[PDB]
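Residue numbers (the entry's author numbering), protein chains in the order written: chain E, 4 to 35, 47 to 53; chain C, 4 to 35, 47 to 53; chain A, 4 to 35, 47 to 53; chain B, 4 to 35, 47 to 53; chain D, 4 to 35, 47 to 53. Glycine residues also receive a C-beta, built at the ideal position from the N, C-alpha and C atoms.
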Amino acid sequence: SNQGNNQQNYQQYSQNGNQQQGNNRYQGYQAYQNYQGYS
Amino acid sequence: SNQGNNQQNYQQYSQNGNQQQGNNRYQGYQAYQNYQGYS
Amino acid sequence: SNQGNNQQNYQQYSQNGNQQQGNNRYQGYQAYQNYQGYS
Amino acid sequence: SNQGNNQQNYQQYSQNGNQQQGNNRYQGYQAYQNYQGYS
Amino acid sequence: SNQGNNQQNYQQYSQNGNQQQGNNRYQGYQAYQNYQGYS
């Protein structure tokens, strides 16, 4: 609970990489040639 | 609950990468040649 | 619940990447040559 | 529930990528050569 | 429930990508050469 001054900077840069900006809560889980360049 | 001044910056940059800006809650889960350039 | 001043910036940039800006809640789940450039 | 000043910016840019700006709730699920450039 | 000042900006830009600006609720589901440029 922000009761003041809050600034947050979220930058994600990848390649073939899954990206999540968030939270994950688990209550009951059962489981079993590219070119990129930046100038 | 924001009771003040809240600024948040969400930037996601990828390639072949799934991107989610959010939260995930699990209550009962059962499971079993590209070119990109930025100037 | 925003009771103040809230500004949020959501930017997603990808290629062949699925993009979701939101939340996912699971209550009962059972499961089993491109060119892009930016100037 | 927004009780104040709320501004949110949602920008999604991709290629062959499915894009959703929203939430997904699952209660009972059973499952089994392009050129693009921006100046 | 917006009880104040709410402004939201939804921009989706893709190619061969399905785009949805909304929410999806699942209660009982059973399942089994283009050129584009922007100046």
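When you compare only the Cα positions, how much space is there between residue i and residue j?
i, j, result
"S17(B)", "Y32(A)", "28 Å"
"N21(C)", "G25(B)", "16 Å"
"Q47(B)", "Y52(A)", "18 Å"
"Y29(B)", "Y35(C)", "18 Å"
"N19(D)", "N19(A)", "10 Å"
"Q50(D)", "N9(D)", "34 Å"
"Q15(B)", "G7(E)", "30 Å"
"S4(E)", "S4(B)", "15 Å"
"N27(B)", "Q11(D)", "19 Å"
Need the endpoints of the beta strand (DSSP E) that residue i sits in, please.
i, result
"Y32(C)", "32 to 34"
"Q14(B)", "8 to 16"
"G51(C)", "49 to 52"
"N27(B)", "27 to 29"
With distance defined between alpha-carbon atoms, name the residue in the options nearest to residue i.
i, options, result
"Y13(B)", "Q23(D), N5(D), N8(D), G7(D)", "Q23(D)"
Kindly indicate if chain H contains any beta-carbon less than 9 Å away from that of residue i.
i, result
"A34(A)", "You won't find chain H in this structure, because its protein chains are E, C, A, B and D."
Does the ligand PLP have a heavy atom nearer than 8 Å to the CB of residue i?
i, result
"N26(C)", "For the structure depicted, the ligand PLP is absent and the ligand set is empty, with no information on it obtainable."
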